[PDB]
Amino acid sequence: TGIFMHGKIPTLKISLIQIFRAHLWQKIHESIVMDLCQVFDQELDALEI
Amino acid sequence: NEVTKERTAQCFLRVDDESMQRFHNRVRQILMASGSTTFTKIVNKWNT
Amino acid sequence: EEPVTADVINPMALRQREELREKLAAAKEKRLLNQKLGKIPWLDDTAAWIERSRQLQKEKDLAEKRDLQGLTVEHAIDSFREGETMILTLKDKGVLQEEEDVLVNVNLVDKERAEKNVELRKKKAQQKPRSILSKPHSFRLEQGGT
Amino acid sequence: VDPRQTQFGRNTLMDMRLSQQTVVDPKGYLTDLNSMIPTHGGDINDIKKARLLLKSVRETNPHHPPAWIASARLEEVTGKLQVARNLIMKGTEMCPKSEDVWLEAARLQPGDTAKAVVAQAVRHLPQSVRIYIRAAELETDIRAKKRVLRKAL
Amino acid sequence: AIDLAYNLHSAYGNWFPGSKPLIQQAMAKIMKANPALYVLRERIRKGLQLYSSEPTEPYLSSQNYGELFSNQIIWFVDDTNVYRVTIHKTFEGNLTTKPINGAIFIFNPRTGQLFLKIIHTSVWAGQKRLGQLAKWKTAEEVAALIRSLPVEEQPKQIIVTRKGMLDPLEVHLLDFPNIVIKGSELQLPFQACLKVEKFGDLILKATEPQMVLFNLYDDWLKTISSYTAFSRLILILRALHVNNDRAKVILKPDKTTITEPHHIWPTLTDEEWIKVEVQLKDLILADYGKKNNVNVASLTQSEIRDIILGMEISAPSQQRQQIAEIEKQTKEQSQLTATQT
Amino acid sequence: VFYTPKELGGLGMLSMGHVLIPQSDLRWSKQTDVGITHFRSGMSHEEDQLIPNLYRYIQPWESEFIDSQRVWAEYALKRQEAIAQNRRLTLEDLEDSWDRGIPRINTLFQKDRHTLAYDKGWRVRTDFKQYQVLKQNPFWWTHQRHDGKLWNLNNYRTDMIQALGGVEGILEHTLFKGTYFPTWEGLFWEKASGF
Amino acid sequence: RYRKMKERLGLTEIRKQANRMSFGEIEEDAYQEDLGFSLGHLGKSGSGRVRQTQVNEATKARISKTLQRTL
Amino acid sequence: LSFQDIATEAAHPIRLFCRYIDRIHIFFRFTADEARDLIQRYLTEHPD
Amino acid sequence: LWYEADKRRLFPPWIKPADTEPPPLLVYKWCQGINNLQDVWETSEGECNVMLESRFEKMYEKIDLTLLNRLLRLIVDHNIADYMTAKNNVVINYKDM
RNA sequence: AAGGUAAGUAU
């Protein structure tokens with residue numbers, strides 16, 4: 001995860017581990033990158049790409 | 001003074017020390033029984 | 001650098017403002033309606049009233065002798081096949097949901113749902129795939145049919 | 001509150017169907033003289049949602065005496081008497097052929113206001129003994145009671 | 001840069017002509033409707049126990065369907081055929097419209113009584129809101145009927161076929177707090193009753209509104225329980241809705257089989273009804289397979305029950321398919337490929 | 001985090017002290033279509049805001065006794081007037097007298113008034129409940145059904161929300177925007193999950 | 001037996017609705033002796049139910065068999 | 001804390017009385033001679 | 001018992017707490033009654049007024065059951081009084097004591 | 001100065 005813990009807050013750390021289970025951060029980054037890829041693919045001729 | 005409809009004395013009120021100690025002991029009891037107590041319950045006991 | 005003017009949103013002070021507005025509106029309605037409501041011998045003796053009643057009784061005895069223009073149909077025009085007729089019913093919507101009434105056939109909607117399910121089981125102007133989430137085949141009736 | 005006390009000591013309707021080798025059994029339905037009685041127990045859970053729903057009835061289905069009575073009584077239960085009075089006055093204004101709305105307006109209106117409500121009722125709905133008896137009860141004066149009963153007769 | 005904790009997005013850097021104007025709403029739409037972002041939102045909501053939708057009430061689903069078969073009195077209120085119109089497609093390409101009389105379904109699965117309230121077309125004259133008026137009229141008729149019946153015949157449950165009628169019934173039954181009105185996720189085939197000729201001709205021929213009492217369990221309670229009668233009737237109605245023409249032919253296997261004038265359904269013996277129900281179930285399964293391009297052999301018993309009932313096995317959307325992949329750990333992930341970066 | 005009402009996710013704390021809210025905690029930003037706009041609460045460079053003190057919203061005993069005397073005299077006059085008209089007092093008649101008096105005027109409109117009239121010696125019972133129930137009652141001196149609710153706290157909550165910057169100012173400190181909820185209106189909490 | 005125990009211990013609509021607390025709807029204190037206590041969505045706006053939920057008779061209080069014998 | 005007559009207040013040194021559950025609050029009102037006699041009677045038994 | 005005692009006025013007004021006032025209200029009334037006495041604040045002729053506040057020490061623990069029962073016969077039925085007094089003569093348990 | 005160690009398996 002890209003979350004920085006400024007102190008040992010285990011009450012918060014345990015619940016932050018659940019939210020980003022199954023590599024949610026990586027999946028979000030990958031999905032955003034892919035969506036931008038389709039966006040720029042749809043505009044190949046207009047943007048002279 | 002009810003009969004003359006005029007002021008004659010002033011009661012200076014003050015919280016008794018026994019009630020002070022009772023409230024302080026209540027707060028101490030709330031704080032001691034807080035190892036497993038949730039924050040909401042502690043604050044509710046405080047508010048009450 | 002410099003925040004722009006923002007009005008603090010108080011959820012429960014707004015309720016007090018709403019209650020005060022409602023009370024003021026009710027008082028204004030009462031004042032207006034009392035004007036339309038405040039505009040409105042024989043009252044003290046009985047023998048005269050009975051004489052009048054008998055006179056009126058004598059008087060009564062003497063006198064004894066198709067067009068559905070504008071209604072949207074949430075189906076394509078080509079969905080309807082010539083040679084036969086078929087029934088449309090209103091689509092279910094909440095009463096408080098303020099929206100135009102649309103005409104719907106249950107069988108046609110079942111067919112469209114089956115088509116969509118078949119398409120989704122086989123498919124496995126900007127950002128089209130998620131445009132359906134944020135945001136339909138209907139035609140407007142005119143002078144009856146179209 | 002009961003005046004004895006001191007410091008220390010409904011969405012009704014009109015139609016009932018008649019339940020009595022034929023597949024078809026039509027049920028002739030009759031009309032209701034009284035739109036129930038003011039005995040609501042305040043069983044409204046969501047007050048604002050019920051207020052919105054009853055408002056839609058008064059618009060989508062006007063000229064329905066229970067619709068105005070129900071909304072007026074719901075406003076009364078929540079403690080907004082004047083809103084209930086205005087609602088029942090509007091109901092009498094646009095549902096003026098039914099005794100129930102007029103006698104509910106008379107119940108809600110305080111003091112001399114109910115007298116004019118009853119006068120408008122008898123002007124629009126004459127020959128109604130229910131309204132005349134209510135006027136007799138409403139009017140405290142014995143001479144004026146006699147006058148009201150006389151006008152009724 | 002994306003702020004996941006605050007759902008803020010921005011971009012800094014160089015720009016070529018048209019890159020920024022495109023990428024602005026590109027990023028806006030991505031933030032609004034990303035699948036993985038939706039997964040993060042839903043996980044945060046579930047962890048916070050914060051909800052937006054109106055609290056969910058008990059619904060007649062495919063799970064609690066067995067609980068419906070009790071000894072208490074239940075009613076089935078359907079307002080689908082209240083405002084009803086008929087359109088015909090002419091060969092010239094023009095299509096015509098003619099509104100027709102409607103109906104209100106008040107079905108009692110215990111005794112088989114069907115209280116039909118014919119809604120004449122005169123009530124729709126000069127009415128802007130057709131659906132609201134139809135629902136309010138339906139609720140008023142339901143209340144009138146429940147006031148007509150004595151207390152011991154009053155229902156303990158009023159299941160509504162359509163979601164929109166829950167509020168009108170809820171607010172129009174304020175005098176009956178002890179009567180629970182429920183929705184149904186599954187869509188029961190009570191709208192197909194009017195497909196029967198005896199109801200359609202009666203409603204079309206009607207000139208003024210009137211309350212009509214029927215009996216869909218004409219000669220059934222003399223030989224089977226009301227639990228079996230309800231299931232047989234719901235199967236018949238499902239077959240009629242799915243394929244009206246073939247179902248009629250199935251209901252009369254031979255010209256000898258006849259219907260009495262006071263019975264809607266054919267007078268068949270107890271053993272014949274088994275074959276008739278099997279044939280109707282085969283009809284329903286075959287037509288479901290035709291409409292969904294699936295084989296009836298692979299359908300399991302639960303799937304068959306869902307098909308027969310109104311439960312809808314809707315195919316997940318492309319967005320929902322992506323969400324399931326993100327929400328669940330990779331299936332049997334095999335690191336068969338190595339990448340050097 | 002402490003003094004936010006529990007409805008917005010806070011602890012619902014009540015304060016009897018002088019607690020300053022730093023001006024750096026009154027700023028929030030929301031993203032619009034054109035861009036991102038920053039907002040702050042308590043503009044014009046005012047001094048640091050203070051959470052309301054509980055004392056300012058509790059009416060003193062002497063003034064409350066004066067108000068009780070006046071209100072009950074007014075109620076006696078209104079009741080005598082209504083007797084002359086053979087009319088029952090309405091809730092609107094006793095409107096300015098609401099939440100005033102010891103006992104409170106709203107106790108007249110309670111639905112348990114008929115059965116509470118036979119409750120005699122209840123104040124000694126409330127004081128003697130300490131010997132039957134293990135829990136300690138901080139309201140041993142009064143009964144809510146008999147004396148009424150002698151304190152109102154909605155004004156205190158309104159002032160606390162106003163001091164904290166309202167919903168926008170409060171919810172910026174929270175994970176509300178992380179849920180991407182379109183608005184805070186139709187939301188509700190669940191004090192315990194199904195598990 | 002399992003059905004009856006599920007009916008008894010199971011969550012009830014009156015208790016399901018009392019577990020829900022509205023977001024941003026600051027209610028009023030209804031119990032002096034215990035603060036924080038609230039009815040939640042019971043008889044409050046935003047509950048979404050026009051009519052009040054009825055009392056489930058399966059949760060009614062009953063006495064023990066041996067206690068009934070003693071009585 | 002009321003009397004039928006003003007003269008009934010002065011009939012006894014005890015003018016006000018209030019018993020709580022177990023606490024007692026008593027307010028006397030002496031003249032010079034009454035206080036002197038009471039003090040003499042007390043000091044007769046308990047000299048200081 | 002409380003309903004009947006209030007009905008026939010068993011307890012004089014000085015018995016506290018009273019159902020008609022919270023303890024702060026009776027403190028206020030006590031102060032006003034002190035202020036409303038005749039010549040309460042006069043000391044020209046050497047007159048003095050004294051406030052005594054105390055407790056009945058061991059009030060509950062020293063109540064004799066026989067005397068309490070016999071005094072209760074005076075205000076209630078002999079059967080009710082016997083029930084109330086016999087109720088105080090019960091075994092007190094705490095764990096194994 | 002702490003009350004702020006993930007427990008690992010591989011290389």
# chains A, B, ... in the order shown; residues from 1 in each chain; ligands from 1
$ interface_residues --of "chain A" --to "chain E" --cutoff "8 Å" --atoms "only C-alpha atoms" --output "NGL selection string"
:A and (15 or 19-20 or 22 or 24 or 27-28 or 31-32 or 35-36 or 39 or 47)
$ select_by_dssp --residues "stretch 7-92 of chain I" --states "strand (DSSP E or B)" --output "JSON, numbers by chain"
{"I": [15, 51, 52, 53, 54, 55]}
$ atom_distance --atom1 "atom CA of residue E:80" --atom2 "atom CA of residue E:249"
25.8 Å
$ closest_residue --among "F:94, F:58, F:192, F:21" --to "residue F:75" --atoms "only C-alpha atoms"
F:94
$ atom_distance --atom1 "atom CA of residue H:32" --atom2 "atom CA of residue H:13"
11.8 Å
$ closest_atom_pairs --of "chain A" --to "chain J" --cutoff "12 Å" --atoms "only C-alpha atoms (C1' of nucleotides)" --output "tab-separated table"
residue	atom	partner	partner_atom	distance
A:5	CA	J:4	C1'	9.2
A:6	CA	J:4	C1'	8.6
A:7	CA	J:4	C1'	5.7
A:8	CA	J:4	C1'	4.8
A:9	CA	J:4	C1'	8.6
A:10	CA	J:4	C1'	10.0
A:13	CA	J:6	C1'	11.0
A:14	CA	J:6	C1'	11.0
A:17	CA	J:6	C1'	11.4
$ write_last_selection --atoms "N, CA and C atoms" --output "JSON list (two decimals), in the first residue's frame"
[["chain", "number", "residue", "atom", "x", "y", "z"],
["A", 5, "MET", "N", 2.17, 5.21, 7.83],
["A", 5, "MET", "CA", 1.71, 5.23, 9.21],
["A", 5, "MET", "C", 2.64, 6.13, 10.02],
["A", 6, "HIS", "N", 2.11, 7.23, 10.54],
["A", 6, "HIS", "CA", 2.89, 8.15, 11.34],
["A", 6, "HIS", "C", 3.02, 7.71, 12.79],
["A", 7, "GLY", "N", 2.37, 6.61, 13.15],
["A", 7, "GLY", "CA", 2.52, 6.02, 14.46],
["A", 7, "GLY", "C", 1.90, 4.64, 14.46],
["A", 8, "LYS", "N", 2.28, 3.84, 15.45],
["A", 8, "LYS", "CA", 1.67, 2.52, 15.55],
["A", 8, "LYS", "C", 0.24, 2.68, 16.01],
["A", 9, "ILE", "N", -0.69, 2.73, 15.06],
["A", 9, "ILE", "CA", -2.11, 2.78, 15.38],
["A", 9, "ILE", "C", -2.69, 1.44, 14.95],
["A", 10, "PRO", "N", -2.50, 0.38, 15.74],
["A", 10, "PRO", "CA", -2.95, -0.94, 15.30],
["A", 10, "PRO", "C", -4.43, -1.01, 15.06],
["A", 13, "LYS", "N", -4.38, 0.26, 11.67],
["A", 13, "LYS", "CA", -3.60, -0.56, 10.75],
["A", 13, "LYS", "C", -4.35, -1.83, 10.37],
["A", 14, "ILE", "N", -4.99, -2.48, 11.34],
["A", 14, "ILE", "CA", -5.72, -3.71, 11.05],
["A", 14, "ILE", "C", -6.82, -3.46, 10.03],
["A", 17, "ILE", "N", -5.45, -2.82, 6.55],
["A", 17, "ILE", "CA", -5.00, -4.03, 5.88],
["A", 17, "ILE", "C", -6.16, -4.68, 5.13]]
$ atom_distance --atom1 "atom CA of residue G:28" --atom2 "atom CA of residue F:154"
6.7 Å
$ interface_residues --of "chain D" --to "chain F" --cutoff "9 Å" --atoms "only C-alpha atoms" --output "list in words"
residues 1, 2, 3, 4, 5, 6, 7, 8, 9, 79, 80, 81, 82, 111 and 140 of chain D
$ write_last_selection --atoms "C-alpha atoms" --output "compact mmCIF listing (two decimals), in the first residue's frame"
# COMPACT_ATOMS: atom_id res chain seq x y z
CA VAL D 1 -54.88 18.38 28.18
CA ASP D 2 -57.73 17.76 30.58
CA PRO D 3 -58.70 21.10 32.20
CA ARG D 4 -58.98 19.19 35.48
CA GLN D 5 -55.19 18.81 35.45
CA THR D 6 -53.11 21.29 37.45
CA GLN D 7 -49.42 21.92 38.14
CA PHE D 8 -49.16 19.00 40.58
CA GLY D 9 -52.51 17.24 40.12
CA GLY D 79 -48.41 19.09 16.85
CA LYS D 80 -48.81 21.55 13.95
CA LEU D 81 -52.44 22.49 14.54
CA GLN D 82 -52.49 25.50 12.21
CA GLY D 111 -63.83 29.30 18.48
CA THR D 140 -72.94 28.19 23.29
